[PDB]
């Protein structure tokens, strides 16, 4: 159809990639995947509750934290209900449902409707106690009043979805290599499964010219019979300069046949990019390799005491502890005992000889008896280990996804970014993981909003994964509904225009620069910029017109744009603007990953009734070295506080921060609350930052709210171009009533909090190791090694008892006290 063609054009603009373009493909896998994803999409669409989908309530099944219960008076929660120019306060029980609150309202005021958060598209609806709404917990945590408006539920009609419409050994011939413009060169051909090399062959070395020919059959030791599903033929050019991969068994279970001309990826003169089955779209300047294939469908005891102790010891070790040949042999030999231990699963499946058909068969038999795994309690860390680069088997990965099905929405949000990144480790485009993400996104608008942005971030800048991610995004967009499609259209339009202004102002650069920014912004406000758009990092908020007067260029070497918008919602309780920073020059995909780990650390701390007052601000990567950042209100740089007496001259003073805090507090009650908040937030960042190895920062990259909340910024800056374990300078110590080498009640509180927080993190060692490992593999190329990944295991002091771990961290605090201002001074000189 022609309007079908118009609909596809609309999707193409939202995706930032054309899924119907068949020029960078040597098979129909992506087209097969598009068709394959129709069923799961349609099944999820057919399953959803129109009213609940439209209202997307944001809820949790987790207990109300101890620190939140203490904020509730006499089992009473106050809710202010608005109707027009007047409002009405109502007392409520924490166990009260919004339905019961609504009937409580009509009763109190007598002599079809829905509760919506004032100024936000957030609804307090469904069969859930109010204490279980995320917004209520947000308000309870931050000392804010819960303000609601009584309004009409959104019409589910707005979410309408458009009507859909061999015993021979394996061998490969290396014909030659070609590159248009330019040593000795050879080609290495590996058969890989789960990052491990099953077999390797190489060509003879030849002079490196624009065309190099071999016409050689490379015969492997592996029989065609033994090639596992998901095995890659990895082809590399050494002088490592270039690489490319080819799936040996295709998406239809057929062995690859015939002629291939593969455009290779160049190494920037391990990482997830090195695993891609995509070929380089640049046919003009890339190196190509020409190959030929020619060769089909797919083919009780009792452990003794000591051996059991040995096996149990292997299972107890961390995910990074290497398995010896003996360890693997024990795991495999006593696999029926290993199966009784869910924690053994990653080690056991690493003991599988994936290049032996009979062994893979024995593994499939083993997993048919999955009673222990199925009955076991969901362990996200354990599940995530089975979805990394180490596992290429469909069945193994699928049992990990099976376990994820039990996660509630709030938990899917906590792990969404890293589950999207895990799609990079999947051998085929259509996978259980990709289907899982599609379903959870279509089931919940909040998950779907973030899935859009996370996918779009990779489609905009990854040539390695854009094709796979674009087919997943199209599948989601074909089921989200028209209201969501309209919303995304507006967001994309705004961000594309603001990205233009960001780069334009970047080319220039003063009073001249600010004048030019304001002229470019009026021009946008004139005939391009739509009336409003949902804030990508906070979709409950809608931004309206630019407040031109408040817009400026930041005084940094990356001269980012500081933009302010009016809120588009009339029901908002304040005339406070929405502040957004637009920056070019840093890879914000790295900031996204750090900020998500910080949120995970906060959830861990919550499990142990600890609130460390972190501030993981909104951040979204929109394209190559470009994106948006949430401006935290009433915040200033530690360096700026130092600068405002004395300079500009590295002359750091101890009392300045405490002075600033006192100046910003309207009363002494508020000042004491600010000092308490500083102690907790300083503790939170010292612990978090140390564990992630990002602790040693210049003061210019640490901020504080007038309310005493410390927080680190600019994570991509350090991770892009990567002594003291963390920042605990004499100014921070003075706020805590400490100087030099003495102690105080606040500093003792700080040390106690640090230890508790550090020990709480250590209870989730394996989860933090997997998350850290995946972050480096998918987000920070050039920070791989195994040595880099091992940092977190040293920081988390694995193999130490709690008392030794406590001493270790207290010693780290002392290192900071010994160094004083020395490190900050060297950061200042390194100008």
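If you superpose the two forms and keep the largest set of C-alpha atoms that fall within 1.5 Å, you have the rigid core. Residue numbers count along the first chain shown, from 1.
Root mean square Cα distance to the shown form, taken over structures and residues in 8 other deposited structures of this protein after a core fit, is higher for 208-216 when 208-216 and 629-637 are compared. Here 691-699 and 301-309 are scored by the root mean square distance of their C-alpha atoms in 8 other deposited structures of this protein, with each structure fitted by the rigid core; the higher score goes to 301-309. Note: missing coordinates for residue 496 occur in none of the other compared entries bracketing this position, so the one-third threshold is not reached. Judged by the one-third criterion across other entries of this protein, residue 165, though modelled here, is missing from at least a third of those that model both its neighbours. The entry shows a gap from residue 295 to residue 296, with 1 to 3 unmodelled residues of the deposited sequence in between. The stretch of deposited sequence separating residue 722 from residue 723 contains 4 to 9 residues lacking coordinates in this entry.
Mean C-alpha B-factor is higher over 752-760 than over the other stretch, the pair under comparison being 391-399 and 752-760.
In this crystal structure, the stretch out of 362-370 and 147-155 whose C-alpha atoms carry the higher mean B factor is 147-155.
If you compare the C-alpha temperature factors of 564, 602, 587, 165 in the entry, 165 comes out highest. Looking only at 206, 414, 252, 463, the residue with the top Cα B factor in the deposited structure is 206. Sort the chain's modelled residues by C-alpha temperature factor and residue 50 lands in the highest third, per the entry. Among the modelled residues of the chain, residue 22 sits in the middle third by CA temperature factor in this PDB entry.
For residue 32, the recorded CA B-factor ranks within the middle third of the chain. Only modelled residues enter the ranking. Annotation for residue 450: C-alpha temperature factor in the lowest third relative to the rest of the modelled chain, per the entry.
Annotation for residue 712: C-alpha temperature factor in the lowest third relative to the rest of the modelled chain, per the entry.
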